[PDB]
Structure formats: structure tokens, C-alpha cells
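Analysis of the macromolecular model
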Amino acid sequence: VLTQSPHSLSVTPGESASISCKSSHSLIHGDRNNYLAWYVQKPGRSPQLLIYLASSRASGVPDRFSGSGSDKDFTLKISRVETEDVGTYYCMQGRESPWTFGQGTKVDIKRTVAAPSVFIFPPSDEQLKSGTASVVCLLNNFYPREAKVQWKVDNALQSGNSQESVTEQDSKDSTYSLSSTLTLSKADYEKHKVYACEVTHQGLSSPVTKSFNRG
Amino acid sequence: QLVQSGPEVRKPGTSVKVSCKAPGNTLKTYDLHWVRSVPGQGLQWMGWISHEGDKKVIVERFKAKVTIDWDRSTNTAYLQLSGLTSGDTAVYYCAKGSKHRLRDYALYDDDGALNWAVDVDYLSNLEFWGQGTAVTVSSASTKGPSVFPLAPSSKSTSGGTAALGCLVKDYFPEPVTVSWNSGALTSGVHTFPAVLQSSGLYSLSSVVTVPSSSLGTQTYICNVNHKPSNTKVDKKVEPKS
């Protein structure tokens with residue numbers, strides 16, 4: 001197998017990033033040819049080539065990218081990391097068939113920790129008229145991406161009826177935003193009184209509960 | 001620099017034909033490759049065609065329902081998915097690449113002539129990629145998006161800044177593009193990716209943080225455009241307390 005490491009990575013801007021790829025079997029054939037390549041897939045873009053034959057830089061690729069290693073141990077080194085480099089990096093072998101990719105490595109820009117301002121929105125009258133109730137909790141501009149969100153209805157936590165999504169890392173302040181959406185039937189919505197968005201995050205001094213009263 | 005066909009939507013059990021190529025007769029000496037990108041699942045190499053044309057290999061996973069080809073007269077390459085399932089909903093990438101071809105075995109006549117020889121191909125790289133083609137597989141039909149307002153209130157206000165937004169709910173299929181004040185409002189806007197609900201319809205939330213000094217002063221209208229249903233929607237978000 002190809003085992004890529006780590007699964008996630010965060011780099012303070014202007015520093016160095018070291019991603020590893022390790023093969024169970026040799027990737028060398030003949031003279032001194034290591035058939036392992038490196039790629040980037042930035043958010044919203046197609047994959048692009050960085051390094052090939054373990055150590056060779058592709059055309060139009062910045063000097064900060066380098067490749068090293070042999071046979072089994074392989075390492076991609078990105079130094080002087082900027083906002084441009086954010087995305088997912090993959091290793092790829094070309095020795096045995098079939099040719100496979102690495103499981104990927106999410107490279108992130110590390111900033112000083114920022115707590116999220118947590119917002120809450122009750123279901124609109126327009127939606128309740130349509131027979132469904134959707135409650136929205138919004139966490140804005142936080143770092144890191146890891147945030148834990150729980151939905152409490154009458155202080156009984158909801159499971160299996162919510163789904164959230166995060167924005168890509170903003171290039172300006174290197175922060176994320178999370179939008180969680182709790183969907184309830186109109187019947188179930190009015191059979192309950194209090195609705196809360198319990199949010200936990202590194203930036204928070206203490207777990208934050210943004211709650212509203214139905215009515 | 002490779003151009004591929006636009007996004008595709010298929011009912012389950014049907015087939016989709018995806019095209020891709022460089023301009024003109026650009027990369028004839030470069031091998032053809034197909035890579036699959038499932039959002040949040042990783043990268044997947046499907047199969048390849050030698051630029052010489054003596055090879056056409058497909059991975060066991062896709063072997064049953066996938067066909068790769070390339071008619072050299074138009075230079076244009078093709079990928080075919082058949083008997084589509086929901087698990088085939090993914091982004092498909094084409095790629096041109098270089099390789100190494102070194103003889104691994106040889107058998108000779110009793111008088112010296114080469115009877116039989118086998119070559120082995122070693123992938124060097126994939127240098128040229130296409131924009132990507134999104135294929136969506138669902139039993140759902142085209143449905144216009146319902147747009148509901150995320151009203152700013154006492155509860156959605158921190159310090160001197162408040163937050164509002166539109167909630168785009170229950171549509172098919174992607175994509176939906178959301179704007180604020182016809183592009184005039186750019187700062188502080190956060191449009192999240194659509195989430196696939198239990199129904200098979202997508203739901204989307206677009207928010208923007210604004211000072212509470214503006215709630216009476218300024219007007220905040222979201223524009224929600226959805227091409228497949230031929231619908232553009234303008235919704236004004238007001239603070240109702």
C-alpha cells in the first residue's frame with residue numbers, strides 16, 4: 001500500500017511543511033528511478049503536478065517545493081508556505097499495477113486561535129406556513145476548523161436530524177465559518193419550547209450555548 | 001490545459017458519456033488517464049490508454065461499467081459510465097501523462113531472432129489536467145429552490161455586529177449561485193456548500209455579517225439563481241422582532 005502522513009497538517013505562514021509517503025514495496029526500477037509523484041488539489045481546482053520521479057520539479061513550480069527519499073521512504077517538503085499552497089496533497093506511485101494515489105493530506109494555514117461568534121436563527125414564518133421548521137446556528141470566523149456542535153431541544157440533545165457544512169479557509173484572515181441546520185416538522189417544532197445551539201471550540205473560554213425561546 | 005464537457009445529471013440505471021481534450025493536435029505523445037474525485041473521499045485512478053495505442057487498462061472496481069476511448073482523427077478522448085448507481089456521483093478528471101517503457105522479458109529464436117518480448121509501463125507523472133466533469137446520479141427530478149430569510153434579531157447580534165442571510169432549501173440539482181444586493185454587497189459574505197438532505201434535495205445557507213447600525217439604514221436583498229428550474233429569486237431579509 002501507499003500510506004501518506006499526516007492526515008491533516010497546519011503551517012504557520014513562512015515556515016516549512018513536511019509530508020511523507022511510505023510504500024510497502026520498492027518503487028525503484030532499473031538504474032535509479034523512483035516512480036513516485038506529488039500533486040496538489042486546491043479548493044475548486046483540478047489536481048496539478050509538483051514533483052515526479054521522487055525529486056524532479058515540474059515546469060513552472062516554485063522553488064519551495066522539493067522531493068526526496070528512495071525505495072520505501074518518500075518526503076515532500078514545502079517551505080516558505082503561503083496562502084496559495086492551501087489544499088489537499090497526494091502522493092502517487094507508478095511501479096506496480098494498478099497505479100494508486102495516497103489517501104491525501106489536508107494542508108492548512110495556521111493562525112493564532114480565533115473564537116467564533118455564535119449566531120442563532122429561529123424558523124421563519126414563511127417556512128412554518130409551508131409545514132416545515134428549520135433552525136440555523138451560525139459560527140463565524142474561527143480557527144481551527146475543528147468545532148463540535150450539538151442541538152438541544154428542551155435540553156434533550158438531537159441526533160440524526162441535523163447536517164452542517166464549513167466554508168473553505170478564507171485567504172484574508174485564515175478562518176472558517178460553520179453553518180449547521182436542524183430540521184424539524186412543524187408539529188414537533190411547536191410541541192417544544194427552548195431551542196439551543198451548544199458550541200464547543202478551542203477559542204472559547206467555556207462552552208457556548210446560544211439559545212432562543214419559541215414564540 | 002485540457003477542456004472537458006459540462007456537468008451531467010443522470011437518473012439511476014442510465015449511462016453518461018464524458019468527453020475531454022487538449023487544443024488541436026497538442027499532446028498526442030502523452031498517455032490518456034482518468035482520475036475520479038469523490039468530494040471528501042480522496043483521489044482515484046480509474047484507467048489509462050497508451051499514446052502508442054497498444055494498451056487500454058481498467059481497474060477492477062470500474063471494470064464492469066466503465067469504458068475509455070480516444071479516436072485519433074479528432075484527437076478527442078471519451079469516458080463512458082454505464083448502469084449508473086448513486087455511488088457513481090463523483091467528479092471525473094482526465095489527464096495527459098508521460099511514462100517509461102522498458103523491456104522486462106525476451107525470448108529468442110534458436111538462430112538469434114526475437115520470438116517474444118514483453119514491455120512494462122511505469123507511470124512517470126500526470127502533467128496536464130482537465131477542468132473536471134461533475135456527474136450526479138439521483139432519482140430526483142428538477143425542483144426549484146424555496147428561499148427563506150434568516151432574520152437578524154437580538155439573538156443574532158454580538159457587540160455592534162449582526163448577521164442575516166438567505167436559506168435555500170429543497171432543490172434539484174446543483175448548482176445554485178447566491179448573491180447579495182446584486183454584487184454590491186461583497187464584504188463579510190459567507191456562502192456555504194449545499195448539503196444533500198434525506199429527501200434527495202439540496203439545502204443551502206448564505207450569510208453575511210453586518211453592523212447593527214445598518215439594519216434600519218440599509219436594505220439586504222439576496223439573489224438566488226437556479227438555472228435548471230429557470231428560476232432567479234430575489235428575497236429581502238428584514239429584522240422582524
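What counts as what
- Residues numbered from 1 in each chain as written, not as in the entry; some residues may be left out.
- Chains lettered and ligands numbered in written order.
- Heavy atoms only, no water.
- Disulfide = S-S within 2.5 Å.
- Helix = DSSP H or I, 4+ residues; strand = E, 2+ residues; numbered from the N terminus.
- Buried < 20%, exposed > 50% of the residue type's maximum accessible area, 1.4 Å probe, protein only.
- Contact = heavy atoms within 4.5 Å.
- Polar contact = N/O pair within 3.5 Å; in protein donor to acceptor, adjacent residues only side chain to side chain.
- Nonpolar A, V, L, I, M, F, W, Y, C, P; charged D, E, K, R; others polar.
- Pairing = 2+ DSSP bridges.
- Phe/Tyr/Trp six-rings, centres within 6.5 Å; stacked < 30°, edge-to-face > 60°.
- Core = buried A, V, L, I, M, F, W, Y, C linked by side-chain atoms within 4.5 Å.
- Axes fitted to C-alpha atoms, helices over the stretch in contact; angles between N-to-C directions.
- Salt bridge = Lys/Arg side-chain N within 4 Å of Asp/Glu carboxyl O.
- Domains from an automatic or database assignment.
- Buried area = accessible area lost by both parts, 1.4 Å probe.

Determination of this PDB entry was carried out by X-ray crystallography to a resolution of 3.100 Å, according to the record.

**Some remarks on the state of the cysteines**
Disulfide: a covalent bond formed between the sulfur atoms of two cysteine residues. Overall, the coordinates contain four disulfides over all chains when judged by the stated rule. In this model A:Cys21 forms its disulfide with A:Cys91; the gap between the sulfur atoms is 2.0 Å. What sets the handedness of the A:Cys21 and A:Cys91 disulfide is the S-S torsion sign, and at about 40° it is right-handed. Of this pair, A:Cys21 sits in strand β3 (residues 16–23) while A:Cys91 sits in strand β11 (residues 87–93); the two residues are 70 residues apart in sequence, bridging distant segments of the chain. Exposure remark for A:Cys21: the relative accessible area of 0% places this residue in the buried category. The side chain of B:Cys20 participates in a disulfide bridge whose partner is B:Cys94; the two sulfur atoms lie 2.0 Å from each other. Of this pair, B:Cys20 sits in strand β3 (residues 16–21) while B:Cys94 sits in strand β9 (residues 90–108), placing them 74 residues apart in sequence. Residue B:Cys20 is classed as buried on the basis of its relative accessible area, which comes to 3%.

**Some remarks on the interface of chain B and chain A**
Interface size, as often reported, equals the accessible area lost upon joining of the parts. Taken residue by residue, the interface counts 48 residues in chain B and 45 residues in chain A. Scanning the region where chain B abuts chain A turns up 13 residue pairs in polar contact. For the side of chain B that touches chain A, the leading source of residues is strand β10 (residues 114–129) of chain B, giving eight residues. Split by residue class, the side of chain B that touches chain A holds 24 nonpolar, 19 polar and five charged.

**Comments concerning the pairing of strand β15 (residues 177–180) of chain B**
The two faces of a sheet get side chains in turn, since along a regular strand they alternate between them. Residue and element names in this part refer to chain B. What you see with β15 is a clean split: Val178 and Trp180 sit on the buried side and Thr177 and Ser179 on the side with no burial. Taken together, the four bridges between β15 and strand β19 (residues 220–226) define a ladder with antiparallel strand orientation. Bridge pairing in β19 places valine 178 opposite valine 224.

**What to know about unusual backbone geometry**
Residue and element names in this part refer to chain A. Cis rather than trans, the peptide bond between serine 5 and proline 6 has omega equal to -5°. In this structure, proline 6 sits in the loop between β1 (2–5) and β2 (8–11). Notably, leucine 53 is not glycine yet its phi reads approximately 50°, a positive angle.

**Digging into the packing of aromatic side chains**
Tallied over the entire structure, the rule returns 13 aromatic pairs over all chains. Between A:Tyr39 and A:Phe101, the aromatic rings sit 5.8 Å apart at their centres with planes inclined by 65°, giving edge-to-face as the arrangement. A residue pair is termed long-range when its members are at least 10 positions apart, and A:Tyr39 in strand β6 (residues 36–41) and A:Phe101 in the loop between β11 and β12 (105–109) qualify at 62 residues. Classification of A:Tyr39 by relative accessible area gives buried; the value is 0%. By way of ring pairs, the aromatic residues A:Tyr39, A:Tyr90, A:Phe101, B:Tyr93 and B:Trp129 are connected into one cluster.

**Observations regarding the nonpolar core**
Membership of the largest hydrophobic core comes to 66 residues, with the highest contact counts inside it found for A:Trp38, A:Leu50, A:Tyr89, A:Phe101, B:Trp34 and B:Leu126. Counting residues in each nonpolar core, the second largest holds 22 residues, with A:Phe142, A:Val149, A:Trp151 and A:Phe212 among its members.

**Here we look at the sheet that holds strand β18 (residues 176–185) of chain A**
All names here are of chain A. Here four strands make up an open sheet; going across it, the order is β13-β14-β18-β17 and the pairing antiparallel. The sheet is open, and its two borders are formed by β13 (117–121) and β17 (162–166), each paired with just one other strand. Taken over all neighbouring pairs, the strand axes of this sheet differ in orientation by 15° on average, direction set aside. Looking at chain direction, β13 and strand β14 (residues 132–142) are connected through five bridges and run antiparallel. By the bridge assignment for β14, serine 117 is matched with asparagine 140.

**Considering the pattern of salt bridges**
For side chains bearing opposite charge, pairing can occur when the charged atoms are close. Residue and element names in this part refer to chain A. Per the counting criterion, the structure on display carries 18 salt bridges over all chains. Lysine 152 is the salt-bridge partner of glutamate 198, the closest N and O atoms lying 2.9 Å from each other. Of this pair, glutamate 198 sits in strand β19 (residues 194–200) while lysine 152 is found in strand β15 (residues 148–153), placing the two residues 46 residues apart along the sequence. Across this residue pair, the class does not change: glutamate 198 and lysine 152 are buried. Among the salt bridges present, the one from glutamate 190 reaches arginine 214, with a minimum N-O distance of 3.5 Å. Placement of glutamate 190 in helix α2 (residues 186–190) and of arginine 214 in the segment after β20 (208–213) is noted, with a sequence separation of 24 residues between them.

**Description of the pairing of β3(B)**
Relative to β3(B), strand β1 (residues 3–4) of chain B runs antiparallel, the two sharing two bridges. Bridge assignment links B:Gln4 to a residue of β3(B), and that residue is B:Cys20.

**Focus on the domain arrangement of chain B**
Residues and elements named next belong to chain B. Here the domain parsing of chain B yields domain 1 (1–139) and domain 2 (140–241). Distance between the C-alpha centres of domain 1 and domain 2: 40 Å. Tallying the contact residues gives five residues for domain 1 and five residues for domain 2. For the domain 1 and domain 2 pair, buried surface summed over both sides reaches about 390 Å², with 54% attributable to carbon and sulfur atoms.

**Things to note about the domain arrangement of chain A**
All names here are of chain A. When cut into domains, chain A gives domain 1 (1–110) and domain 2 (111–215). The interface of domain 1 with domain 2 comprises eight residues on the first partner and eight residues on the second. The contact between domain 1 and domain 2 buries some 590 Å² in all, and 43% of this surface belongs to carbon and sulfur atoms. For the pair domain 1 and domain 2, the number of links is five residue pairs in polar contact. Ranked by residue count, the leading element in the side of domain 1 that touches domain 2 is β12, at three residues. Broken down by class, the residue content of the side of domain 1 that touches domain 2 amounts to three nonpolar, two polar and three charged.

**Re the sheet that holds β11(A)**
Residues and elements named next belong to chain A. If you trace the six strands from one edge of the open sheet to the other, you get β2-β12-β11-β6-β7-β8, paired in mixed fashion. In this open sheet, the two strands that pair with only one neighbour each are β2 and β8 (56–57). Taken together, the two bridges between strand β7 (residues 48–52) and β8 define a ladder with antiparallel strand orientation. Looking at β8, one finds that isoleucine 51 is bridged to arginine 57.

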